[PDB]
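*Asks:* Below: the sequence, then the experimentally determined structure.
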Amino acid sequence: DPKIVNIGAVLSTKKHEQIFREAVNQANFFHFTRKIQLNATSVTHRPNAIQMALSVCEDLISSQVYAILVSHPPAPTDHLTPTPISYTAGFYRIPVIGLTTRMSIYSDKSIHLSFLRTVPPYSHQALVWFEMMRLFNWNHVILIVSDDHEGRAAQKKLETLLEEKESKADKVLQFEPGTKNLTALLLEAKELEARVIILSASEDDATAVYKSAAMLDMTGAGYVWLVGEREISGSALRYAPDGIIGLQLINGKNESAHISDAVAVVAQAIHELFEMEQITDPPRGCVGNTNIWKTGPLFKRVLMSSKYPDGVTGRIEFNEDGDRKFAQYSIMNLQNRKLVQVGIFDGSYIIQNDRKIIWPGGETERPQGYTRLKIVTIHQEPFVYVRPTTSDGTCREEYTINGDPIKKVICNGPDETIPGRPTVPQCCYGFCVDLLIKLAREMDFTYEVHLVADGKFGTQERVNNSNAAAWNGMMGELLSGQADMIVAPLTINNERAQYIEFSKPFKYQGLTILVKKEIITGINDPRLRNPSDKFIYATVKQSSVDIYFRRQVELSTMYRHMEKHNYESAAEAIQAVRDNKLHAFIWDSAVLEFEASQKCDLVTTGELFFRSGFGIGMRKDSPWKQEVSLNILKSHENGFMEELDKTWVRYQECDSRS
Amino acid sequence: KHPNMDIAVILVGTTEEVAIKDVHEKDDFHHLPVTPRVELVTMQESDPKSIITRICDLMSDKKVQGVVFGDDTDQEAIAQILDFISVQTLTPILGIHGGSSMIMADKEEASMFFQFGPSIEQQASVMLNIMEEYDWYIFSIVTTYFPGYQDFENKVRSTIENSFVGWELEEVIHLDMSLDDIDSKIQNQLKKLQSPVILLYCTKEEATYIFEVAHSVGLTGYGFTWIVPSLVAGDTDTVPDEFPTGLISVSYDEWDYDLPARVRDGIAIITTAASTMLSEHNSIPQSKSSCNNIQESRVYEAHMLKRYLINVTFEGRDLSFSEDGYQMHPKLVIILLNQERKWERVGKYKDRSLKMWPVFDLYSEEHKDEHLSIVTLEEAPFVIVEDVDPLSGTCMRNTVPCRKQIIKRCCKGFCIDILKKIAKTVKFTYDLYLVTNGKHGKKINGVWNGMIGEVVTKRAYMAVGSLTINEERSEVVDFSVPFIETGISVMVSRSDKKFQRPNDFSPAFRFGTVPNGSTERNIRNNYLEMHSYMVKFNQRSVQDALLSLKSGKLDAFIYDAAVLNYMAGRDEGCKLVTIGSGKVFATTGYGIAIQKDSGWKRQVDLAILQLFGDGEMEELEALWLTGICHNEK
């Protein structure tokens, strides 16, 4: 006996309905009609969502459809006008197949779990860009996205493509839709070194994008533009820049080819389906059924795996999201302010059409693509000095003890001089500065330095939530990117080390104690071991020494005695011993010994313990550090450091007192 | 002048045809500037077509400005449907029970929809409070592709990162119910997870399948426990027993307030929002309700209403919403599946804080298992073996029995007391015996000896004594934190390289130590000449080594610092003293053996510093360690 298995659809016009029924009949004729038969039902798009949903529940589902096809209406209303059906069929898990919805928001299985399509979304276009990026060897690009599920999805897809490679977020730029002026954001974009750009937006937004971009002359040569199908089309085409690279999906406009093919796939899927047993017909009519249709997910599973590579539209296979795979796009160029096919993209590999490549501005062939270091420091007396620039005038001609003029640079940092704390323009000169400029002559880089707002270098703290705080201080600026590189006297330790890359040590020093000479056995001093309220031993809370005390279990008892009567900064800590407020002071030698020379009223004692080194901080991801260490070593071998310590460590007046 | 609003409410289910009609809407709080006009309708079973048609049908010309939905149903989907209508109408809708109250995908911002179910984030928080209360630290999450995933995963991530405790997230699993499985792919994954406490998230229907599969996998049994959000429990009226017993989940209580009271809350919210919006703009909220045509003009203006409606208060009760449209903090109840089909309440939770009833062992020692035999050795100063009174036949007072294979010997002393306090605190029982081969561990060629051997052979779990610490033994076995300051030291009557060579000094000098010691091994490792020279000066025992020092024929003696200090304090005459301040190189302390990374471990360590934490060690030092000498101080 025959069994009539209904199918349903919503299409633009009655002619296309006839096309649908014709394709269905082709499916019936060419597959066993004795065992099973396919029947076609369809309806034109309705003015609102509601008439249509009602149409699905009444006009379609009453016919017991095993699946539904949907197409974009003649006049698009808002976007994703085939939103309701995916929900409506979805309740019963009836599979839905869109012909014309390239919209990305349907890719998430969570919200639309019945949704499949014969076209890839706009997000999947990134597959091309990565391949495009792959050929031309530009690893550095910029991404401009509108803020919505569409743009963010595109970003996720491209970044996911990049994730296989070392993750590349050269830069990413988010703007929100409907915003006529975007100028500031592009002003931010120019600063980024990478000269290639890719963008996704709506036509109206794209007009504003190109309009704003042309003002800053980013449409010029040395810059490249990669874009979505929507961007080249419409009013956006009118305001579009020359030499742009663009994409168009094949048969995107045609519902009918996709109709014949989709129905062909549906037929193959069904005929493959009825090979299985324990099947159930879909619910008859919307009315009276609160329950899903157990077969529907299975129908989806076979249908996603349904092969039939030969089709009017091209190869057919479905990704996990139900989105189509191996679709073909035609690359487009703007030559002479008109659209031309420079090449065509099919499968995983691009194909180059005979037409000459165009780049923006004049190029016969020009594949061209791809500085400033923000440096941060802290106020530490031996390796850094702070004086304000006199009025507008910059820096003093003051001279080192060996006759040389002292070098100096401008640094923006915290000022306690004003009652409120402004980030204040200042002049800073140092050992680390001379080192930095030494590198700057050696290295291609240019430098701008501002001191960190917090007097502390850094320490882990606070709580946690969406906007994690992170260790307070210049280090925190490094992860945050406020400064890309850290030049200061920073001890190098594992707790920090996992988070960031560390330059080879310029200096080697260890902790020690300062006590006045004028009348501490070891790092382990019985006198420390025999603490006294009467005999103070002082340190800075949040100083790395404190991290040594907290992290280390073995001395963990000894930490607390030190914790009492802590000082905020280095100057105050030296002063207490000088003022004789505190009998002893504990800090790493490199900062301390220079002071030991500076006064000689005070002395350093014992053996450097917690032996360590000072190095320049960088993110593990940044390769410049590879050169830095390479440079640091080169600076060590020649004795450059030895002479710099010789300059900045005076050694003039002091001796072993006893 | 007279501002009478237009409102509609619907009840589905209620287990009655002739469901209780218009029970409420009776004038309460009439003072509110707008008076409500209500039309009530009921429909028996839910459908997308029935609901859409009816709600639009009530819209008609009627022009209702608000809707409240309520259901007897367990269905997840319903909320979204009504929400969709809201998106279309811009007419506010909320729901007080069941599915509408059940969570839904993130609401479109333009759209207006509200639920009296708790926030997903809030629920996750409550699940965490529950686990913390029973101190179940280690857990995994099984989830499905249903909406709210990764709002849930993120919420758990945020809630978890902040806390101090060392909780473990073991696995997170995402499985699509769509592409339904022949593979039992869910069985194949679920089988993997070893974690005791599982959070599950899915649709009411999905939980059944996941649970049948878990029943096949063996995940529902014996020590593993499952914790669930609102959705799975739903109404709680109907419970397939496919769900395992002991299943723990949160839900809103029917008992506290009945459904009509809740509906009263909804009406109150709508009319309060109307009153506040009135107070602000003196403007009627009333709008044309008909869906079929374009949305009425100035309805676009309605956005501010949502802005007003988010937090609303009446009857001393806060209805305040969250951006998603869930109420910020509705009262919530911790519920469990009592044996058989019962859903019986366990906890109450409100606002910031949670309260739960059962004390312990909710739903052969439960806290811990097995037994530990211990080996020791007798120290000439520490660990003291004594011969028990034969007449008594068994040990007396502080003395604890220890056996030596060759006879019962009675051990008492520092190790015995420290061990005794530790046993009292961690509450376990133990067997103590004496070592035979090699005392403290000794290496000849390839193989270890001593108590360490019995620790390696698993003939001993933990080894206790005057045993010193070193890198090798720390490598092979985990050690307890040092209780006492000790190390290598010198004892003589009264780095210079005088030790390095005797031959530099024309008269022969003399110093020696006990062989097979950590001291001798350390010496051989760092300083060879000293070892090779001192082998001649090695002595049988500490009493005999003392004989070499005391009677003459030896100048200096070298040994453990604690023993040398106690011996400094205790001598028949004050003829013996320490070196310098007795400040010792190789600064170390007495540790305690354990097997490897698997052991009671940290629990021991805590116990130890609690001992000093109460100051007992100072007393024990004065009693056992303190010597009379060093009297002139």
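*Replies:* Cool, the structure landed. Residues are numbered from 1 along each chain as shown, chains lettered A, B, ... in the order given.

*Asks:* Show me what from chain B comes close to chain A.
*Replies:* Contacts of chain B with chain A, taken as CB under 8 Å from any CB of the partner chain, map to B:45-50, B:52-53, B:56, B:73, B:75, B:77, B:80-81, B:84-85, B:88, B:105, B:145-147, B:149, B:158, B:161-162, B:176-180, B:205, B:291-292, B:481, B:581, B:583, B:587. For every residue, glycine as well, the C-beta is placed using N, CA and C.

*Asks:* Residue of the stretch 201-350 of chain B closest to chain A, please.
*Replies:* Distance from chain A to each residue of the stretch 201-350 of chain B (CB to the nearest CB) is smallest for residue B:291, at 5.5 Å.

*Asks:* distance of the residue positioned nearest the centre of chain B from chain A?
*Replies:* The structure's chain B has its C-alpha centroid closest to residue B:137; by CA atoms, centre = their mean the separation is 2.2 Å. Relative to chain A, residue B:137 is positioned 18 Å away (CB to the nearest CB, to the nearest Å).

*Asks:* isn't that residue right next to residue B:170, touching?
*Replies:* No: in this structure, residue B:137 sits apart from residue B:170 without contact. The criterion is CB atoms under 8 Å, and the distance is 11.0 Å.

*Asks:* Count the neighbours of residue B:477 for me.
*Replies:* 20 (other CB atoms under 10 Å in any protein chain shown).

*Asks:* To clarify, my last question referred to residue B:287.
*Replies:* Residue B:287: 21 surrounding residues under other CB under 10 Å.

*Asks:* if I pick it, what's in contact with it?
*Replies:* Taking CB atoms under 8 Å, 6 or more residues apart in numbering or on different chains as the definition of contact, the neighbours of residue B:287 are B:63, B:65, B:91, B:296, B:298, B:299, B:302.

*Asks:* what do you get if the cut-off is 7 Å, keeping everything else the same?
*Replies:* B:63, B:65, B:296, B:299 (CB atoms under 7 Å, 6 or more residues apart in numbering or on different chains).

*Asks:* Is the last one in contact with residue B:90, as I believe?
*Replies:* Yes: the criterion here is CB atoms under 7 Å, and residue B:299 meets it with residue B:90 at 5.0 Å.

*Asks:* related to what we said a few turns ago, among the contacts of residue B:287, which are in helices?
*Replies:* The members of the contacts of residue B:287 all map outside helices under DSSP state H.

*Asks:* Using CSV, lay out the residues you listed together with distance to residue A:17 and neighbour count.
*Replies:* Converted to CSV, the contacts of residue B:287 look like this (distance: CB to CB, whole Å; neighbours: other CB atoms under 10 Å in any protein chain shown):
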residue, distance to residue A:17, neighbour count
B:63, 37, 14
B:65, 40, 25
B:296, 34, 17
B:299, 35, 18
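
*Asks:* which one of the residues you listed sits closest to residue A:637?
*Replies:* Closest to residue A:637 out of the contacts of residue B:287 is residue B:299 (77.7 Å), distances taken as CB to CB.

*Asks:* Identify the residues contacting that closest one.
*Replies:* B:90, B:287.

*Asks:* Next, it: phi, psi?
*Replies:* Dihedral angles of residue B:299 (phi, psi; degrees, to the nearest 10) stand at phi -70, psi -30.

*Asks:* Please apply the same query to residue A:375.
*Replies:* The phi/psi pair for residue A:375 (degrees, to the nearest 10) reads phi -110, psi 150.

*Asks:* Pretty sure it sits against residue A:478.
*Replies:* No: under the criterion of CB under 7 Å, residue A:375 is not in contact with residue A:478, lying 10.1 Å apart.

*Asks:* Run through the residues that contact residue 121.
*Replies:* You didn't pick a chain, so chain A it is. Taking CB under 7 Å, 6+ apart as the contact definition, residue A:121 lies against A:102, A:103, A:104, A:107, A:323.

*Asks:* that's the wrong chain, I meant chain B
*Replies:* Taking CB under 7 Å, 6+ apart as the criterion, residue B:121 is in contact with residue B:155.

*Asks:* Point me to the residue of the stretch 351-500 of chain A nearest chain B.
*Replies:* Using CB to the nearest CB, the single residue of the stretch 351-500 of chain A nearest to chain B is residue A:464, 4.5 Å away.

*Asks:* just to revisit the earlier point, now, which of the residues of chain B next to chain A lie within helices?
*Replies:* By the criterion of DSSP H, membership of the residues of chain B next to chain A in helices covers B:48-50, B:52-53, B:56, B:80-81, B:84-85, B:88, B:158, B:161-162, B:205.

*Asks:* most surrounded residue in these?
*Replies:* Neighbour tally across these (other CB under 10 Å): the maximum, 26 neighbours, falls on residue B:48.
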